[PDB]
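Participant: one piece of my complex first, more on the way:
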Amino acid sequence: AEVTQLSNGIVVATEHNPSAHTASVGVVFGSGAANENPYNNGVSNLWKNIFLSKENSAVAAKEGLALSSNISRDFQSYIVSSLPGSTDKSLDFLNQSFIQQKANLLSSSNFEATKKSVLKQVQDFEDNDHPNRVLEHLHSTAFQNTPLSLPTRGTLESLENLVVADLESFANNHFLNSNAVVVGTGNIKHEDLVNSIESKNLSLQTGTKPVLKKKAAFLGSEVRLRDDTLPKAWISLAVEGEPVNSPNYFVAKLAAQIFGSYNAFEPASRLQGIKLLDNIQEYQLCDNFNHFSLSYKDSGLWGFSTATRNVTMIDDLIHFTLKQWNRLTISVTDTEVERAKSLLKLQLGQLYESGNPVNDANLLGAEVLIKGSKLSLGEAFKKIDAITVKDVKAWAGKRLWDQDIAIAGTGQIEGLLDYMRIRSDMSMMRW
């Protein structure tokens, strides 16, 4: 009714839904693709993909289980999904996979069939998924020589250099209990799981903490992947944003909300009450964009992302947009702010209140790791609404106005201008 949180060594967390047809259990390791290193990159995405190799996934397929997995930057998750009654059928199959079995998934016929498929995997991504590719490199340059930089799915380089002796090197350090959280989502009780958990003995590497690295940092920089053979142009730009559990966590998400997200095709999109939109549409400066305030444990990235078949006029594209961003400091309409608060809520909803347990897991697992607990929607909303204009005019005033940016891109970006232009559009001339 307010989400449960109790620890007997294994911090056991759950979240009940009485109208759910199914449920899900799993673990979340409080160390992700940003706890790795330059040459072991993709180790966390390698771990995910053995966990779903036909072997272990045929086991749980007779049982009636489905497994879910994802790696982030600050965190890393291993979830299993099934019918709510077969709730022990989950917990046991989890127990087998992470304390019982070890080299049953770590075969020299398994691992050389997973790594020979996480290699094709990260060779369609950087090959044909430019919007994320661009998005990923954006981190690489903004957070260069620092934790967040390492692409979550790992470089094809440090991904052909890795054997099983390396899957473990990360496992036995960062796959602990004092870095994990067990989650219960969907259609199960707190007294169903934490019972079935204290039912099982053993302890893996107790007392052990996972290790640390130099805290992340940010620096104004570019990286440009020109490719004049690609029909469009993809660009992503940002400033040093705000972390998870930062005073302006919501203030910053409200700002993103204002300019928001465009799709020049859906007539619905064309009518949004966004000021910037007035400009961009005249000549069709782009095909779409969208904003964001990506928050991570140590640092953040407020900016936006755009694709465009309009090559001669990208220079305006970036211009109109970064000028709008100036208003946030000097001239944002209050009535804009309300449409923000309003729309944030709708978005922040379909995020948190989707009828899909697997999401409510990672969400829970990550948050109850970093701050300890989760924060309720009513808590969030109570904050969103407190937000004045002055909220947004002092946040932009430090974060946005005349601060270093972080551009990245690919496709026909000859037209995308230089760094002393772009960066300079962070401000406006004053008397």
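Facilitator: Done, it's in. Numbers count the residues shown, from 1 in each chain, chains lettered A, B, ... in the order given.
Participant: Residue A:403 in helix, strand or coil?
Facilitator: Of the three states, residue A:403 takes coil under DSSP: H, G, I helix; E, B strand; the rest coil.
Participant: domain parsing for chain A?
Facilitator: Using curated CATH domains, the domains assigned to chain A come out as A:1-202, A:209-431.
Participant: would TSV of these with mean neighbour count be doable?
Facilitator: (Each C-beta comes from the backbone N, C-alpha and C, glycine too.) Compiled in TSV, those are given as follows (neighbours: other C-beta atoms under 10 Å):
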stretch	mean neighbour count
domain A:1-202	18
domain A:209-431	17
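Participant: and the closest residue to residue A:401 other than its chain neighbours, what helix or strand is that in?
Facilitator: Computed as C-beta to C-beta, 6 or more residues apart in numbering, the closest residue to residue A:401 that is not its neighbour in sequence is residue A:329, at 4.6 Å. Following DSSP states H and E, one finds residue A:329 within helix A:314-330.
Participant: residues contacting the residue sitting nearest the centre point of chain A?
Facilitator: By C-alpha atoms, centre = their mean, the mean C-alpha position of chain A lies nearest to residue A:72, the distance being 5.6 Å. Residues in contact with residue A:72 (C-beta atoms under 8 Å, 6 or more residues apart in numbering) are A:32-33, A:152, A:362, A:366.
Participant: again with residue A:401
Facilitator: Neighbouring residues of residue A:401 by C-beta under 8 Å, 6+ apart: A:326, A:329, A:426-427.
Participant: Would you confirm that residue A:398 belongs to a helix?
Facilitator: Yes. Under three-state DSSP, residue A:398 falls within a helix.
Participant: if we can go back for a sec, need the max-distance pair from the contacts of residue A:401.
Facilitator: Within these, A:329 and A:426 form the most distant pair, 9.6 Å apart (C-beta to C-beta).
Participant: between these two, what contacts are shared?
Facilitator: Between them, residue A:329 and residue A:426 share the contacting residues A:400-401, judged by C-beta under 8 Å, 6+ apart.
Participant: can you map out the helices along the stretch 1-150 of chain A?
Facilitator: Secondary structure of the stretch 1-150 of chain A (DSSP state H, counting those that start in this stretch): helices at A:43-50, A:54-62, A:88-95, A:111-114, A:118-121, A:125-128, A:130-142.
Participant: Now residue A:314: closest residue in space, sequence neighbours ignored.
Facilitator: In space, and not counting its chain neighbours, residue A:314 is closest to residue A:415: 4.2 Å by C-beta to C-beta, 6+ apart.
Participant: my read: the one you found touches residue A:309, true?
Facilitator: No. Residue A:415 is beyond contact range of residue A:309, at 11.6 Å (criterion: C-beta atoms under 8 Å).
Participant: which neighbours do those two share?
Facilitator: Common contact partners of residue A:415 and residue A:309 (C-beta under 8 Å, 6+ apart): residue A:233.
Participant: related to what we said a few turns ago, would you quantify the distance from the residue nearest to residue A:314 to residue A:226?
Facilitator: Distance of residue A:415 to residue A:226, computed by C-beta to C-beta, to the nearest Å: 10 Å.
Participant: now the helices of the stretch 1-150 of chain A in TSV, with distance to residue A:176?
Facilitator: Converted to TSV, the helices of the stretch 1-150 of chain A look like this (distance: least, C-beta to C-beta, whole Å):
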stretch	distance to residue A:176
helix A:43-50	14
helix A:54-62	21
helix A:88-95	15
helix A:111-114	22
helix A:118-121	24
helix A:125-128	30
helix A:130-142	26
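Participant: here's chain B, drop it on:
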Amino acid sequence: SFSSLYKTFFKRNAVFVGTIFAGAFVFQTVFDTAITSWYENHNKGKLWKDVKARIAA
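Facilitator: One more piece, chain B, placed on the ones above:
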């Protein structure tokens, strides 16, 4: 130029067009002050003022 002594006045923004013109206005008196002094001194004894001094009629 020291990051403290600058940022005090101007925090993290440049000079502003009008503050410039203000400084300009001030500088222009402060300068023509100094330089006209240093020059009248450097040429002491030589100036008609210094020569008006001794010479009587």
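Participant: hmm, the helix holding residue A:329 in reach of chain B?
Facilitator: No. Helix A:314-330 lies out of reach of chain B by C-beta under 8 Å from any C-beta of the partner chain, never closer than 11.2 Å.
Participant: for that helix, packing partners?
Facilitator: Under the contact criterion of 3 or more C-beta pairs under 8 Å, 6 or more residues apart in numbering or on different chains; DSSP states H and E, helix A:314-330 touches strand A:233-240, helix A:249-259, helix A:276-280, strand A:300-308, helix A:389-399, helix A:419-422.
Participant: and it, how far out from the chain's middle?
Facilitator: For helix A:314-330, the separation from the chain centroid amounts to 25 Å (computed by C-alpha atoms, centre = their mean, to the nearest Å).
Participant: do stretch A:288-298 as well
Facilitator: Centroid separation for stretch A:288-298 versus its chain: 9 Å, with C-alpha atoms, centre = their mean.
Participant: list the contacts for residue 43?
Facilitator: No chain in the question, so chain A it is. A:36, A:154, A:162, A:166-167, A:169-170 (C-beta atoms under 8 Å, 6 or more residues apart in numbering or on different chains).
Participant: now do residue A:149
Facilitator: Contact analysis of residue A:149 by C-beta under 8 Å, 6+ apart lists A:139-140, A:143.
Participant: how far away is the residue in chain A that chain B sits nearest to from residue A:142?
Facilitator: Residue nearest to chain B within chain A (C-beta to the nearest C-beta): residue A:431, separated by 5.2 Å. Applying C-beta to C-beta, the value for residue A:431 to residue A:142 is 33 Å.
Participant: Take the contacts of residue A:149 and lay them out in TSV including distance to residue A:252.
Facilitator: Shown next, in TSV, are the contacts of residue A:149 (distance: C-beta to C-beta, whole Å):
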residue	distance to residue A:252
A:139	17
A:140	22
A:143	17
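Participant: ok, the spatially closest residue to residue A:430 that is not a sequence neighbour - how many residues close by?
Facilitator: Once flanking residues are discounted, residue A:430 sits nearest to residue B:16: 5.6 Å by C-beta to C-beta, 6 or more residues apart in numbering or on different chains. As a burial measure, residue B:16 scores 13 neighbours (other C-beta atoms under 10 Å in any protein chain shown).
Participant: Also the one 3 residues further on?
Facilitator: A count of nearby residues for residue B:19, using other C-beta under 10 Å, gives 13.
Participant: give the contact list for it.
Facilitator: The contact partners of residue B:19, by C-beta under 8 Å, 6+ apart, come to none.
Participant: Mind naming the longest helix for chain B?
Facilitator: When chain B is parsed with DSSP state H, its longest helix is helix B:17-42.
Participant: residues making contact with the helix or strand just after it?
Facilitator: Downstream of helix B:17-42, the next assigned helix or strand under DSSP H and E is helix B:48-54. Helix B:48-54 is contacted from outside by B:40, B:44-45, using C-beta under 8 Å, 6+ apart.
Participant: mind putting the residues you listed in a markdown table, neighbour count and distance to chain A included?
Facilitator: Shown next, in a markdown table, are those (neighbours: other C-beta atoms under 10 Å in any protein chain shown; distance: C-beta to the nearest C-beta, whole Å):
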| residue | neighbour count | distance to chain A |
| --- | --- | --- |
| B:40 | 13 | 38 |
| B:44 | 9 | 45 |
| B:45 | 8 | 49 |
